[PDB]
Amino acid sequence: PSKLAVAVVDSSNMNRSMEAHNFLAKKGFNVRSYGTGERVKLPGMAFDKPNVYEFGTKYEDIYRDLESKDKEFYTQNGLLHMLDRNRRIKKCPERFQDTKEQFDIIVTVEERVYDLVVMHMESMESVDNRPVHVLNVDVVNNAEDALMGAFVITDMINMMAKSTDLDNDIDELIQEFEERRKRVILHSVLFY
């Protein structure tokens, strides 16, 4: 509602980013989502046999592929439910290092993703000299924690959206938000 371009970034653009994307879009935010991994990773029959796909593979196709391997197994572990939710948001997972979109706020869901996002934007030369705030809100990679994390991220973006001058208030806003929730929220600035 405040014209803020928001991005939520994780590893695979499958679980945590899409849960936050889901709630941010329903609140009317200009939101996108990306993963920072090299390929999309989804769990499976064991730790040693994860389902790995190339970024750009449609959620529809990954749904049908998992449906054919073991439809009953991938319904009781929630992956088909998750793929269906993502299918209804956008076509395919996207890699953050490949996008040419620019944002006002970028939210990562763990420090590893934060580091990848920072190293990427620093590896590019500044052209527009446009700053973007990069925030880290830690979210554990499971269904229950992605849900709680998506609430924290949505609440955080909503509080920042209500500011009349976000740049002048963001440090104090994060400060209070952190204290209220006993979290550490890393926060730096990068340039396009």
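Residue numbers here begin at 1 and follow the sequence given. Heads up, when I say rigid core I mean the largest set of C-alphas that superpose within 1.5 Å between the two forms.
- Here the rigid core sets the fit, and in 4 other deposited structures of this protein the C-alphas of 47-55 stray farther than those of the other stretch, out of 47-55 and 30-38.
- Here 150-158 and 64-72 are compared by their mean Cα B-factor, and 64-72 comes out higher.
- Between 106-114 and 93-101, it is 93-101 that carries the larger average Cα temperature factor according to the deposited entry.
- Remark: of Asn136, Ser33, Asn51, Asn30, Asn51 shows the highest value [criterion: C-alpha B-factor in the PDB entry].
- Note on the listed residues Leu166, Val140, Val40, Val132: the highest Cα temperature factor in the record is that of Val40.
- Among the modelled residues of its chain, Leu4 has a C-alpha B-factor that falls in the highest third, as given in the PDB entry.
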